[PDB]
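> If you want PDB author numbering, it's the position in the sequence shown, counting the first as 1, plus 21.
Below: one structure in structure tokens.
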Amino acid sequence: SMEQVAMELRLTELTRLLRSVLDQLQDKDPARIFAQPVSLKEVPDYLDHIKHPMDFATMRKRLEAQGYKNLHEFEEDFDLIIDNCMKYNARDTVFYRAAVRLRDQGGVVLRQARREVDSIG
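In structure tokens, the structure reads:
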């Protein structure tokens with residue numbers, strides 16, 4: 022149907038906007054602390070601590086399969102990246118501090134993305 026195509030053009034346009042958001046968030050991580058999944062070879066206990074691991078590459082695979090239906094789902098994944106890090110790593114660590122910085126900086130980008138998604142529909 023024509024409606025299904027209109028829908029698909031919107032999901033596609035959301036995906037376009039979310040890809041730009043993801044590029045902007047990832048630039049707030051120049052160290053690349055969040056680029057890839059935490060290695061279970063290098064942190065073998067990780068899944069005893071963290072039940073839903075997340076990372077930018079995993080978000081990107083989902084993005085490119087148009088697997089984010091709305092901005093809320095995307096934000097949930099971004100928040101896992103931050104929140105997992107702040108629980109696993111102590112407050113005095115480069116990792117915890119990197120998450121705090123990504124969170125604060127991400128906030129601005131996400132605040133404008135929400136207005137763009139409402140605004141354009």
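Note that beta-carbon positions come from the ideal geometry of N, C-alpha and C, so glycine has one too.
For the alpha helix (DSSP H) holding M107, just list the boundary residues, first then last.
To locate residue 107, count along the sequence shown from 1; it is residue 86. Counting along the chain, the alpha helix (DSSP H) containing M107 begins and ends at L92 to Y109.
> So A134 and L101 are in contact, right, with Cβ under 8 angstroms, and what is the actual spacing, rounded?
On the sequence shown, residue 134 is found 113 positions in, with the first residue counted as 1. On the sequence shown, residue 101 is found 80 positions in, with the first residue counted as 1. That belief does not hold up - the Cβ atoms of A134 and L101 are roughly 17 angstroms apart, past 8 angstroms.
> Using only the alpha-carbon positions, how far apart do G128 and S22 sit?
Counting from one through the sequence shown, the residue named residue 128 turns up at place 107. Counting from one through the sequence shown, the residue named residue 22 turns up at place 1. Answer to the nearest angstrom: the Cα atoms are 38 angstroms apart.
> For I141, does the three-state DSSP call read helix, strand or coil?
Residue mapping note: residue 141 aligns to position 120 of the sequence shown, counting from 1. Helix, per DSSP.
> Under DSSP, the alpha helix (DSSP H) around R40 begins and ends at which residues?
On the sequence shown, residue 40 is found 19 positions in, with the first residue counted as 1. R40 -> alpha helix (DSSP H) spans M23 to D48.
> In three-state DSSP terms, what is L68?
Locating residue 68 in the sequence shown gives position 47, where the first residue counts as 1. DSSP places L68 in helix when its eight states are reduced to three.
> Tell me the DSSP secondary structure of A56 in three-state form.
Locating residue 56 in the sequence shown gives position 35, where the first residue counts as 1. Coil.
> Is it true that the CB of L32 sits closer than 8 angstroms to the CB of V130?
Numbered from its first residue, the sequence shown carries residue 130 at position 109. Numbered from its first residue, the sequence shown carries residue 32 at position 11. No. Outside cutoff.
> Do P58 and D76 have their C-beta atoms within less than 8 angstroms of each other?
What you label residue 58 is simply residue 37 of the sequence shown in a count that begins at 1. What you label residue 76 is simply residue 55 of the sequence shown in a count that begins at 1. Yes.
> Any idea what DSSP makes of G128, helix, strand or coil?
As a first step, residue 128 is located in the sequence shown; it is residue number 107 there, counting from the start. It is helical.
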